[PDB]
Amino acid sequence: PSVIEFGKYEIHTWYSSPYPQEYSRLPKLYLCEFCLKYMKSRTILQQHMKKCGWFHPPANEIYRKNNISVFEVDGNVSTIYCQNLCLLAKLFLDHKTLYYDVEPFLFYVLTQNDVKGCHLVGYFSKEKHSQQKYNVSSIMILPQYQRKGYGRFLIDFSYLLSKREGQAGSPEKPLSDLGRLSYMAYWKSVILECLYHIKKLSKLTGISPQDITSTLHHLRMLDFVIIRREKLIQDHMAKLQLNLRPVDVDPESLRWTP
């Protein structure tokens, strides 16, 4: 599938997804932006939209501040929607673990809300119980919302869940290109802001000891110990004050028990 219609956006795909044969051989796919069902023609989509009664993901809203929500979706309850989500995601992922056996997985769907509904920005999948302590399986932001802070938001959100349940976590390897950039950029900003104010640091922040030690090495703040480079710490705090991140996870706005 070369391109998809997803609501009011026409979006050019990055990769191929295993949509069933009779859909896979089509040049364009037509998608409901709310239930994520896939269809063959624009007249079929226009007729689904008239009779479909969803304006949000089919799940419990665990976060809402400003016009930004997170819905906590269970693969064992809303199986078909989560399967549809996995096929949508692969169009913008180099690879992903599974598409169908979604029942042992949770799906945190990020939306941006207006009068017309809760429109899908992106998501991250998570194993209900992961032996390797992975707090993220796959993570994805749709093209139209990229380079605007939603990526950092979701990564920060994934670490808040880990903190709340009192276990340091890590994304499942290997990561996507934009994934690797985001995660490294996140770890940098968090560690620098957290120092202005290792085993102790990992506890406060919820980042795996491995992930922290590699980030310090990249910043040249590692003796063979943490070397405080102040010019780096001060100038980062200056960069945040004179523009600010407009999209920011407020811990007080999370309604969730682990």
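Quick note: we count residues from 1 along the sequence shown, nothing fancier.
Student: Unmodelled residues of the deposited sequence between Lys51 and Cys52: none, 1 to 3, 4 to 9, or 10 or more?
Tutor: The entry has no gap there; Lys51 and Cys52 are joined directly.
Student: Which fits the stretch between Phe224 and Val225: none, 1 to 3, 4 to 9, or 10 or more deposited residues lacking coordinates?
Tutor: Count of unmodelled residues in between: 4 to 9.
Student: Once you work out the mean C-alpha B-factor for both 113 to 121 and 182 to 190 from the entry, which is higher?
Tutor: Result: 182 to 190.
Student: Look over 39 to 47 and 54 to 62 in the entry and identify the one with the greater average Cα temperature factor.
Tutor: Going by the record's values, the stretch with the higher mean is 39 to 47.
Student: Going by the recorded CA B-factors, say which third of the chain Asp74 sits in, lowest, middle or highest.
Tutor: Tercile = lowest for this residue's CA B-factor.
Student: Looking at the temperature factor on the CA atom of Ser176, which third of the chain's modelled residues does it land in?
Tutor: For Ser176, the deposited C-alpha B-factor lands in the highest third.
Student: How does the C-alpha B factor of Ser138 compare with the rest of the chain: lowest, middle or highest third?
Tutor: Answer is middle: the recorded C-alpha B-factor places it there.
Student: Sorting the chain's modelled residues by C-alpha B-factor, tell me whether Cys82 ends up in the lowest, middle or highest third.
Tutor: For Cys82, the deposited C-alpha B-factor lands in the lowest third.
Student: Could you say whether, by C-alpha temperature factor, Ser16 belongs to the lowest, middle or highest third of its chain?
Tutor: Middle third.
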